[PDB]
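Values reported hereafter were calculated over all heavy atoms of this structure, with side chains retained and with hydrogens, waters and symmetry mates removed. Along the sequence shown, residues are numbered consecutively beginning with 1.
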Amino acid sequence: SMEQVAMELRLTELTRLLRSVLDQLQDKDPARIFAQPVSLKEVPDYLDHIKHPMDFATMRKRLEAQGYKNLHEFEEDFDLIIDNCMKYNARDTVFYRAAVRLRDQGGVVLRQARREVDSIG
């Protein structure tokens, strides 16, 4: 149908906006602490601690499959990255501190993305 196409065009545009948001959030992680999944070879017990692992490469694969329906789903995944880190790692670690900084700096980006998504529809 013509509607399914219109729908698909919106998703594609949402995907375009979310790709830009993702690049901006990932620039706030210059140390690349959150770039890839936590290695289960290097942290064999990780899944005993963290039930839903997440990282920026995993979000990108979902993004490019147009697997985010709305900003809320995307934000859920970004929040997993942060929240998993802040549980697994103690307060006095470079990892925990990196998550806090990513959260704080990402807020600005996500604030405007919500306004854009509502605005453009």
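Residues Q26 and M59 are not in side-chain contact: their nearest non-hydrogen atoms beyond the backbone lie 4.5 Å or more apart. Residues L40 and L47 meet the side-chain proximity criterion, which asks for heavy atoms closer than 4.5 Å. In this structure the side chain of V94 never reaches within 4.5 angstrom of the side chain of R97, judged on heavy atoms. Inter-residue side-chain proximity for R62 and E73 is flagged as met; some heavy-atom pair is nearer than 4.5 Å.
Considering CD of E116 and CG of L14, their distance stands at 11.5 Å, rounded to 0.5 Å. The line from CZ of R114 to OG of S119 is 12.0 Å long, rounded to the nearest 0.5 Å. Between atom CZ of residue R103 and atom NZ of residue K28 there is a gap of 15.0 Å, rounded to the nearest 0.5 Å. The structure places CG of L22 at 11.5 Å from CG of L17, a figure rounded to the nearest 0.5 Å. Distance CG/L110 to CZ/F74: 7.0 Å, rounded to 0.5 Å.
Qualifying side chain to side chain contact (heavy atoms under 4.5 Å, CB included) partners for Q24, counting only residues two or more places apart in sequence or in other chains: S20, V109. Take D23 and apply the side-chain hydrogen bond (donor to acceptor under 3.5 Å, both in side chains) test, not counting sequence neighbours, and it matches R60. For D29, the salt bridge (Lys or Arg N to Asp or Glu O under 4.0 Å) test picks out no residue, with sequence neighbours left out. Remark: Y96 pairs with no residue by the ring-ring contact (aromatic ring centres under 6.0 Å, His included) rule, at least two apart or across chains. Here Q36 pairs with nothing under the side-chain hydrogen bond (donor to acceptor under 3.5 Å, both in side chains) rule; sequence neighbours left out.
The local environment of CZ in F95 is sparse, with at most 12 non-hydrogen atoms from other residues, nucleotides or ligands closer than 6.0 Å.
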What donor-acceptor contacts under 3.5 angstrom involve side-chain atoms of residues 78-85, with partners at least two apart or in another chain?
from: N84; atom 1: ND2; to: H52; atom 2: O; distance (Å): 2.9
from: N84; atom 1: ND2; to: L80; atom 2: O; distance (Å): 3.1

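Shortest non-hydrogen contact noted between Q66 and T15 is CG-OG1, 3.6 Å. Residues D55 and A57 come closest through the heavy atom pair OD1-N, 2.8 Å. Taking every heavy atom of both residues into account, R19 and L63 meet most closely at CA-CD2, 3.4 Å. Between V21 and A113 the shortest heavy-atom distance is CG2-CB, 3.7 Å.
Side chain of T58 to main chain of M54: no donor-acceptor pair is present (N/O by atom type, distance under 3.5 Å, no hydrogens or angles). Between the side chain of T12 and the main chain of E8, a donor-acceptor pair closer than 3.5 Å is present.
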